[PDB]
Amino acid sequence: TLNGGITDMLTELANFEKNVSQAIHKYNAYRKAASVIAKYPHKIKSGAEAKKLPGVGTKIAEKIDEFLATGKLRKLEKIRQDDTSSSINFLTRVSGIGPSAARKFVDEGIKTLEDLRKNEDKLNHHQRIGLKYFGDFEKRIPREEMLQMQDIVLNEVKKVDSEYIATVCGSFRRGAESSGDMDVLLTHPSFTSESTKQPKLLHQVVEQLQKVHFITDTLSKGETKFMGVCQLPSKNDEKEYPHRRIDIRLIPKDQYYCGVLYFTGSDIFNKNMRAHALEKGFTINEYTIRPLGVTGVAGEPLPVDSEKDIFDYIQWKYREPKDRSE
DNA sequence: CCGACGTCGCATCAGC
DNA sequence: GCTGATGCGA
DNA sequence: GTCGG
Ligand SMILES: Nc1ccn([C@H]2C[C@H](O)[C@@H](COP(=O)(O)NP(=O)(O)OP(=O)(O)O)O2)c(=O)n1
Ligand SMILES: [Mg+2]
Ligand SMILES: [Mg+2]
Ligand code: NA
Ligand code: NA
């Protein structure tokens, strides 16, 4: 982090444009600028130096000159002092509250943590839980704890059916020394892109994890995606471990390589890879890479035998998980 | 200059 | 109920 | 907010 100051500022601006302006693209511009500056291995001495990097144009260059001359940014200073903006930025921090709900709550004079705690009747289910665990969700998970959770998830999965494969993804697979949450990709021979030969394949796993008091709550639940809460077990006299977000994704087993590429991220990396795919005339999702036809209707799934194949098709040198941290 | 810019799962709401 | 759009998050 | 065409 040769350029933490700069990338923080841009992240704050990305966050502002997302939560307050509801301008998703400006949010992307910023995340991207921040990303490209983050991997640039020099201490930036000027805005013009930055302007050079793809994704850094004029406005951001100007901001970078201001930031460097003064150590701060007047645009942000203002936004920080704005009441509506501080209020909306806060609320969206609660999981399940986005930009829209955040502005709606503010309108009704609900703007603090205490206002939320006293208005639980006005929150949907996701939002109630995000609020419940507001504090725990702010904390990072050390890898060491990620290893414990892994042991458990994989052992419980083994016990339900020995043919399940569960693979930890996200920032964990990218070798991070800490993670915001746990991401778990699931496969079972009975679920392929051809047929689902067995119902309740994700449910039986959620149930099992619930039954050992690992999954403590549910944010949302479908046939293929789970979003909920989990907690490591503590011993006698130990203060409890914090509650932690867990996402579980059941992917057809023959499409594992696309699923695992997707679920490994980063979010920015995925967006850059998919963008580049389209310029090469392909669309990648979590399932497949397909060609774009002459007018762009997506052709038939191309054969994929590893993560590398997907890189090959779009003419990208392979990148190990630890290098996809954009 | 000027749109074009990643892709999908689930929750929830509106209209029928 | 179904369809399709919007919100939110992966 | 940025940039390719
Ligand atoms: N907008 C997003 C968000 C996530 N994802 C994919 C890539 C992410 O690595 C993966 C898991 O989502 P995630 O948990 O929010 N992020 P990630 O695990 O990469 O970093 P952490 O905050 O978990 O430490 O979903 C995406 O493709 N587009
Ligand atoms: Mg994660
Ligand atoms: Mg996650
Ligand atoms: Na540039
Ligand atoms: Na939120």
Side-chain angles (χ1 to χ4, degrees), chain A residues 9-10 13-14 16-19 21-37 47 50-64 75 91-105 123-130 137 169-173 179-186 202-203 206 218-228 245-252 255 258-280 282-290 292 296 298 310 314 326:
Chain A
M9 157 195 59
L10 296 168
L13 292 152
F16 167 80
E17 299 300 351
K18 181 191 187 179
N19 306 315
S21 309
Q22 309 194 257
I24 185 78
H25 302 314
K26 301 229 210 160
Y27 160 77
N28 289 330
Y30 282 122
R31 299 252 282 154
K32 176 196 248 195
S35 187
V36 84
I37 293 169
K51 199 172 198 314
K52 280 150 187 302
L53 302 161
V56 188
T58 308
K59 312 297 279 305
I60 290 177
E62 272 155 23
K63 292 181 172 85
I64 292 168
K75 186 168 161 108
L91 297 170
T92 62
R93 275 163 74 193
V94 177
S95 166
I97 306 180
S100 179
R103 186 170 291 275
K104 199 165 165 295
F105 287 133
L123 308 193
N124 71 19
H125 174 63
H126 190 152
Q127 286 166 343
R128 192 159 315 205
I129 298 316
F137 294 173
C169 299
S171 56
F172 178 86
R173 191 158 186 271
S179 295
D181 85 337
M182 168 169 282
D183 304 286
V184 176
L185 178 145
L186 205 63
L202 180 56
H203 180 88
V206 165
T218 305
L219 297 195
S220 76
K221 190 160 182 297
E223 324 188 46
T224 72
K225 183 175 76 194
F226 173 83
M227 274 195 268
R245 290 277 298 91
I246 181 171
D247 296 307
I248 307 185
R249 193 50 206 265
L250 174 73
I251 286 278
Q255 290 177 153
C258 283
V260 87
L261 170 77
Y262 161 68
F263 226 19
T264 307
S266 67
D267 53 341
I268 289 171
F269 171 88
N270 277 2
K271 169 163 171 287
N272 291 332
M273 185 157 186
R274 296 172 168 200
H276 179 66
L278 291 160
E279 279 172 349
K280 295 284 164 145
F282 298 85
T283 192
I284 304 169
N285 60 19
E286 53 259 67
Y287 302 126
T288 56
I289 178 168
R290 292 169 304 174
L292 302 185
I310 318 171
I314 83 181
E326 325 200 313

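Atom set for the values below is all heavy atoms of this structure, side chains included, hydrogens, waters and symmetry mates excluded. Residue numbers begin at 1 in each chain, while the letters A, B, ... track the order of the sequences.
Contact annotation: A:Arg245 does not reach the phosphate of C:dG9 (side-chain N/O to OP1 or OP2, under 4.0 Å). Contact between the side-chain N/O atoms of A:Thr224 and the OP1/OP2 oxygens of B:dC10 is found at a separation under 4.0 Å. Neither OP1 nor OP2 of B:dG6 sits under 4.0 Å from any side-chain N or O of A:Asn270. Residue A:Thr283 has a polar side-chain atom (N or O) positioned under 4.0 Å from OP1 or OP2 of B:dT7. Contact annotation: A:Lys225 does not reach the phosphate of B:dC10 (side-chain N/O to OP1 or OP2, under 4.0 Å). Within the 4.0 Å cut-off from OP1 or OP2 of C:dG9, not a single side-chain nitrogen or oxygen of A:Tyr27 is found.
Under a 4.0 Å N-O distance rule, the pair A:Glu326/A:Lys271 does not qualify as a salt bridge. Between A:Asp267 and A:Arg31 a salt bridge is recorded (basic side-chain N to carboxylate O distance below 4.0 Å).
Using a 4.0 Å heavy-atom criterion, one finds that A:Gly96 contacts the sugar-phosphate atoms exclusively. Nucleic acid contact for A:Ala277: none, since no nucleic acid atom lies under 4.0 Å from a heavy atom of the residue. A:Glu223 comes within 4.0 angstrom of the backbone, heavy atoms only, and of no base. Residue A:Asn28 is out of contact with every strand shown, counting any heavy-atom pair closer than 4.0 Å. At a threshold of 4.0 angstrom between heavy atoms, the contacts of A:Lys271 include nucleobase atoms, whether or not backbone atoms are also involved. Within the nucleic acid shown, A:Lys63 comes within 4.0 Å of sugar-phosphate atoms alone, with no base atom in reach, counting heavy atoms only. Backbone-only contact: A:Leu53 has heavy atoms under 4.0 Å from sugar-phosphate atoms and none from a base. A:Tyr262 comes within 4.0 angstrom of a nucleotide base, judged by non-hydrogen atoms across all strands. Among the protein residues, A:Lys32 comes within range of no part of the nucleic acid, since none of its heavy atoms lies under 4.0 Å from any strand.
Of the possible polar contacts, one joining the A:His276 side chain to the A:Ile314 backbone as a donor-acceptor pair under 3.5 Å is found. Side-chain atoms of A:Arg128 come within 3.5 Å of backbone N or O of A:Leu123 as a donor-acceptor pair. For the pair A:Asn270 (side chain) and A:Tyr262 (backbone), a donor-acceptor distance under 3.5 Å is present.
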Apply side chain to side chain donor-acceptor pair (under 3.5 Å) to the pair A:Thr283 and A:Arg290, showing each step before the final yes or no.
-> CA-CA 5 Å; A:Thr283 192; A:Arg290 292 169 304 174; 5.3 Å; no

Evaluate the criterion side chain to side chain contact (heavy atoms under 4.5 Å, CB included) for residue pair A:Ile248 and A:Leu185; output intermediate values, then yes/no.
-> CA-CA 6 Å; A:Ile248 307 185; A:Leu185 178 145; over 6 Å; no

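In this structure, the CD1 atom of A:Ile268 is 16 Å from the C1' atom of B:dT7, given to the nearest Å. Whole-Å rounding puts the A:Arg274 CZ to B:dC8 P distance at 7 Å. What separates CZ of A:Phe16 from P of D:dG1 is a distance of 10 Å, to the nearest Å. If you measure from atom NZ of A:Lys26 to atom P of D:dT2, you get 9 Å, rounded to the nearest angstrom. Atom P of nucleotide B:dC5 and atom NZ of A:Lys280 are separated by 18 Å, given to the nearest angstrom. One can place CG of A:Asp183 at 15 Å from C1' of B:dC8, the figure rounded to the nearest angstrom. Atom CG in A:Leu202 sits about 12 Å away from atom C1' in B:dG9, given to the nearest Å. Spacing between atom CG of A:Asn124 and atom P of C:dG7 amounts to 14 Å, rounded to whole angstrom units.
Between C:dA10, B:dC8, B:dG6, one nucleotide has an atom nearer to the side chain of A:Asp181 than all others, and that is C:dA10. Closest contact between the side chain of A:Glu286 and the listed nucleotides B:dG9, D:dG1, C:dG9 involves B:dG9. Considering only the side chain of A:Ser100, C:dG7 comes nearest among B:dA11, C:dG7, C:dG9.
C:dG1: sugar pucker north (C1'-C2'-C3'-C4' torsion positive).
Comparing D:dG4 with B:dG6, their P atoms sit 14 Å apart, to the nearest whole Å. When the P atom is compared between B:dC10 and D:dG1, the two are found 36 Å apart, to the nearest whole Å. Here the separation of B:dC5 from C:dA10, taken at their P atoms, is 25 Å to the nearest Å.
Sequence order on DNA chain B of the closest nucleotides to A:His25 and A:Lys221 puts A:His25 first from the 5' end. Remark on DNA chain B: of its neighbouring residues A:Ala275 and A:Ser220, the 5'-side contact belongs to A:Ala275, judged by nearest-heavy-atom nucleotide.
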